[PDB]
Amino acid sequence: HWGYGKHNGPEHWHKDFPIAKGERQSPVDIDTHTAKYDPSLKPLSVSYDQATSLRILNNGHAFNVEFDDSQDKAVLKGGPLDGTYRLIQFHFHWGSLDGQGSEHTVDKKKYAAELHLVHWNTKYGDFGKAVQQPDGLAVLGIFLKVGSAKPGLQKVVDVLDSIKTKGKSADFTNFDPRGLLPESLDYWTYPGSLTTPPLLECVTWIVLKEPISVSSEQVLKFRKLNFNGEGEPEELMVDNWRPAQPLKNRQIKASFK
Ligand SMILES: NS(=O)(=O)c1c(F)c(F)c(SCCO)c(F)c1NC1CCCCCCC1
Ligand SMILES: [Zn+2]
Numbered sequence: 004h005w006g007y008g009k010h011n012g013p014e015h016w017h018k019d020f021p022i023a024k025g026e027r028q029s030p031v032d033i034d035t036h037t038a039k040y041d042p043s044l045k046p047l048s049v050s051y052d053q054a055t056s057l058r059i060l061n062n063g064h065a066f067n068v069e070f071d072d073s074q075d076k077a078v079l080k081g082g083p084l085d086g087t088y089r090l091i092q093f094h095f096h097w098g099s100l101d102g103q104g105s106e107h108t109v110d111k112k113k114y115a116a117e118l119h120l121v122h123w124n125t127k128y129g130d131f132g133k134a135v136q137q138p139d140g141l142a143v144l145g146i147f148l149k150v151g152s153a154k155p156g157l158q159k160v161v162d163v164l165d166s167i168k169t170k171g172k173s174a175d176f177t178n179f180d181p182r183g184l185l186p187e188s189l190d191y192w193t194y195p196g197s198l199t200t201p202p203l204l205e206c207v208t209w210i211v212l213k214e215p216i217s218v219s220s221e222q223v224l225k226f227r228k229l230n231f232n233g234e235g236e237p238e239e240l241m242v243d244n245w246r247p248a249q250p251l252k253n254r255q256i257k258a259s260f261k
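Reading the sequence shown from the start, the letters are residues 4 to 125, 127 to 261 in the entry's author numbering.
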């Protein structure tokens with residue numbers, strides 16, 4: 004039942020998912036002035052050389068690019084993390100207009116979209133068990149602004165026409181997610197949650213400071229996707245973002261300056 008509309012959208016989620024009002028919900032606004040520089044934070048280590056993408060799927064809420072995570076192929080480590088976290092999928096959240104679409108905000112600024120690369124802590129053996137643990141997941145979030153095209157996104161954008169409606173999927177091999185990163189790996193980090201139901205409080209959030217640029221043509225193609233399934237009334241897949249939630253009793257740490 005949950006979704007992103009007036010009747011089932013973020014302000015309703017708490018009724019099925021009481022943790023919506025919990026103590027470590029995501030996303031948040033990143034107050035860049037109150038984020039504490041922490042010289043003990045390590046460089047983030049992003050090892051995507053061996054990533055094996057499998058499939059791309061429209062689930063009715065967003066689209067997911069899935070990876071084979073049955074061995075240590077694409078991993079995130081260091082940064083604020085202990086251990087090794089395996090990439091399982093990436094997805095995006097975006098707006099009906101370029102002035103909104105990101106879930107995290109930076110001194111209240113919305114970006115056109117936000118990419119989330121979702122990784123799970125290999127000490128919990130699989131993703132289902134990891135989401136039940138307070139350090140189960142590390143999600144790397146990257147802002148998108150509109151300007152020049154991102155060449156390494158085009159393969160994603162071109163296949164979207166083939167997964168237009170809910171439940172459609174396509175083969176999606178040999179996609180390299182290093183094509184989606186910006187130059188710098190400076191980050192903020194905080195303890196938070198999934199941003200969609202079940203809203204589990206299991207995420208170490210790592211949000212890059214530097215956005216990537218994507219073209220208006222690229223983001224426009226995102227907005228041509230549908231929330232409905234084939235042969236239902238067209239509801240464009242836009243504004244699939246959860247707004248900033250109360251920071252509460254949490255500190256956002258910066259890797260830089
Ligand atoms: N937004 S997020 O990065 O915190 C996030 C996770 F980290 C998750 F681990 C999950 S669990 C599903 C894994 O495929 C999740 F749904 C989302 N959110 C969903 C966003 C909207 C569209 C539904 C598709 C799955 C991602
Ligand atoms: Zn997300």
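Where a beta carbon is used, it is the ideal one built from N, C-alpha and C, also for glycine.
Asked	Found
3-residue-minimum beta strand (DSSP E) runs that sit fully inside the segment 185-248, ordered along the chain	191-196, 207-212 and 216-218
Proximity of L79 and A142 at Cβ, strictly below 8 Å	yes
Residue 1, enclosing alpha helix (DSSP H) - first and last residue	Given that the chain is displayed from residue 4 to residue 261, the structure contains no residue 1 and the question cannot be resolved.
Outcome for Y194 when other beta-carbon atoms lying within 10 angstroms are tallied against a minimum of 16	buried
3 or more residues per run - each beta strand (DSSP E) lying fully within the segment 31-102	47-50, 56-61, 66-70, 78-81 and 88-97
Alpha-carbon to alpha-carbon, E239 and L90	30 Å
Inside the segment 138-168 only - beta strand (DSSP E) runs reaching at least 3 residues	141-150
Residue of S188, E117 and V160 minimising C-alpha distance to residue 269	Summary: the structure shown does not reach residue 269, with the chain confined to residues 4 through 261, and so no result is reported for it.
Identity of the residue in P30, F20, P21 and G25 nearest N244 by Cα	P30
CB contact flag (residue 293, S217, <8 Å)	Outside the modelled stretch of the chain, which goes from 4 to 261, sits residue 293, for which no answer is possible.
Cβ-heavy atom distance, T199 to ligand 1, below 7 Å	yes
Contacting residues, own chain, Cβ-Cβ under 6 Å from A258 (five flanking each side not counted)	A38, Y40 and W192
Length of the line joining the Cα atoms of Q136 and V207	10 Å
Per-residue DSSP class, three states only, for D175	strand
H17: CB within 7 Å of a non-hydrogen atom of ligand 2	no
Proximity test, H119 beta-carbon vs ligand 2 heavy atom, cut-off 7 Å	yes
Endpoints, beta strand (DSSP E) assigned at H122	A116 to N124
Extent of the continuous alpha helix (DSSP H) run through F131	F131 to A134
Which of helix, strand or coil DSSP assigns to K18	helix
Helix, strand or coil at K24 [DSSP, three-state]	helix
Distance between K170 and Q222 (C-alpha atoms, nearest Å)	20 Å
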